[PDB]
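What follows is a set of notes on a single structure, which appears directly below.
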Amino acid sequence: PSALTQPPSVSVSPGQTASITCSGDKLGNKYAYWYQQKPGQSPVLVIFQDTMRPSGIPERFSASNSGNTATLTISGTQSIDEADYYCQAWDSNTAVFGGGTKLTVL
Amino acid sequence: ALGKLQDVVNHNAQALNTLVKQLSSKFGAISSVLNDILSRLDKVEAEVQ
Amino acid sequence: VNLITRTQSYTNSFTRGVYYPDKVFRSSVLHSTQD
Amino acid sequence: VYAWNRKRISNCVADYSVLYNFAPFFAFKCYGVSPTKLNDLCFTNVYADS
Amino acid sequence: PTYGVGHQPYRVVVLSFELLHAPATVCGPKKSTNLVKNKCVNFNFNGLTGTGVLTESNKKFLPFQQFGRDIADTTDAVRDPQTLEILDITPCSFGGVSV
Amino acid sequence: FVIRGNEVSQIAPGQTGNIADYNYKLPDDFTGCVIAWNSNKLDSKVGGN
Ligand SMILES: *[C@@H]1O[C@H](CO)[C@@H](O)[C@H](O)[C@H]1NC(C)=O
């Protein structure tokens, strides 16, 4: 929509499930896009069109967008998955992003 | 004396009877009876008739 | 190994169980389907 | 063909699925009826011209 | 080998497919051109042909949906099979003429 | 698969017969192609296959 709310951090041990949430006014009515940013690295798309992964993204990544909230689910969180995850949507030919969330792997 | 009203009645009755008699027309099909078409032909040919 | 016991009751389905009849996007329409 | 034979078939049970065993033809060519519905029908008579 | 034709072995291959609107993974030999938007074009999306103007759509297709149909069962929306974007189809331009 | 020549007519939507009833059945709304060819030179033997 216009403000994609996102938790500031999520703490997950290796092998557990991370659940990063993106919220916004009727977010389920639009497509959702997730990007994985690493320190000193360019953003990398991991989820497009709600629940689709680009080729090369691990099978463990998954997402949904229902109601007014989109969630990113990293099952079996590995150490590589340490990164900053973003949430994006389009509005009137303008791209809107969320605050971001640091997935910490213990 | 009431020829007009009887004419209305008769026209309606003849229309319905004509509609009933039209059910024996083949209209280019092998039979005017649906059951005979279904019993004599398989699905594909029966559908044309 | 027979080790599971099952009990049953009876309830109402209300209007659950509807599914998308085909794979075509539709909008602002009343679609009749037999299935 | 000029002196073609006609044989009358009557008072019997006709299983037409056995005709594929007596002769190696590829298919029936039927008129007013389909070959796969013959076993479901009754006829006053049958004539076999050969 | 001495059997008549009707009594001889025949090898049969039956090919069954689906021509209904759905994403496709088997296609014939056909080179794809570029995608033109905002002009009246003839188009061919996975065999679905037509004429009209293609514009960017906000319709939210589900992942199993490739086409969108209108009241008259005419395709007015299509997912692009390469970019996966949703496109609206609109008839080019027309109108009655009186003299 | 392999059948005999006079059964090839059974490989079609809406058919009946031993092959169509007990071996291989096509739906009435079948969309596709049936390709059949004689294979007497590979599937026949002097003593019978
Ligand atoms: C469809 O989504 C738009 C997006 O904001 C929303 O305004 C509209 O109310 C939605 N329609 C329905 C029927 O919920």
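Legend: calculated FRET efficiency, A:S9 to A:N29, from the Cβ-Cβ distance at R0 = 35 Å, rounded to 0.05, equals 0.80.
Assigning unit charges at the beta carbon (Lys, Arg +1; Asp, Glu -1) and nothing else, what dipole magnitude in debye, to the nearest 20, does the protein assembly as shown show about its Cα centre?
Dipole size: approximately 660 debye.
Per-residue mean of other chain beta-carbon atoms within 10 angstrom of the beta-carbon, peptide D:32-38?
6
Remark: relative contact order (the range A:26-103) = 31 percent; criterion is Cα-Cα distance under 8 angstrom and separation of 6 or more residues. From the Kirkwood radius over Cα pairs of chain B, Stokes-Einstein at 37 °C and 0.692 mPa s returns a whole-number translational diffusion coefficient of 248 µm²/s.
Between their Cα atoms, which of B:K43/D:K7; A:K30/A:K102; B:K21/F:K25 are more than 29 Å away from each other?
Those over the limit are B:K43/D:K7; B:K21/F:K25.
Inter-chain Cβ neighbour count for F:39-49, averaged per residue, equals 3 (cutoff 10 Å, partner chain atoms only). In this simple spin-label approximation, E:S98 and E:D73 carry label points 7 Å from Cα along the Cα→Cβ vector, and these lie 3.5 nm apart. Once the Cβ-Cβ distance of D:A48 and F:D43 is raised to the sixth power relative to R0 = 22 Å, the FRET efficiency obtained is 0.10.
Roughly what angle does helix B:3-21 make with the longest principal axis of chain B, taking Cα atoms, 0 to 90 degrees, to the nearest 10? Helix B:3-21 and the main axis of chain B meet at about 10 degrees. As an exercise, use a Förster radius of 30 Å and the Cβ-Cβ distance of A:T73 and C:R26 to find the FRET efficiency, rounded to the nearest 0.05. My answer for the efficiency is 0.55.
Computed packing ranks the peptides F:17-26, A:17-26 as A:17-26, F:17-26, most packed first, by mean other Cβ atoms within 10 Å.
Ignoring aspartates and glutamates fewer than eight residues from E:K59 along the same chain, the ones with Cα atoms less than 14 angstrom from its Cα are A:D50, A:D91, E:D70, E:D76, E:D80, E:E85, E:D88.
Extending 7 Å from the Cα toward the beta-carbon at both E:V5 and D:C30 defines two label points whose distance is 2.1 nm.
Label reach from F:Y24 (point 7 Å along Cα→C-beta): in the range F:30-45, amide nitrogens under 13 Å belong to F:33-39. Other residues lying with their Cβ under 12 Å from the Cβ of E:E18 contribute a combined charge of -1, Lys and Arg counting +1, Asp and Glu -1. In straight-distance terms, cross-link reach from E:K30 covers every one of the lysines whose alpha-carbon lies under 27 Å from its own, apart from those fewer than eight places away in the same chain; here that gives C:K23, E:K39.
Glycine gets a Cβ as well: all are built from the backbone with ideal geometry, and neighbour counts include every protein chain shown. Since every read-out is calculated from the coordinates, none of them should be taken as a lab result.
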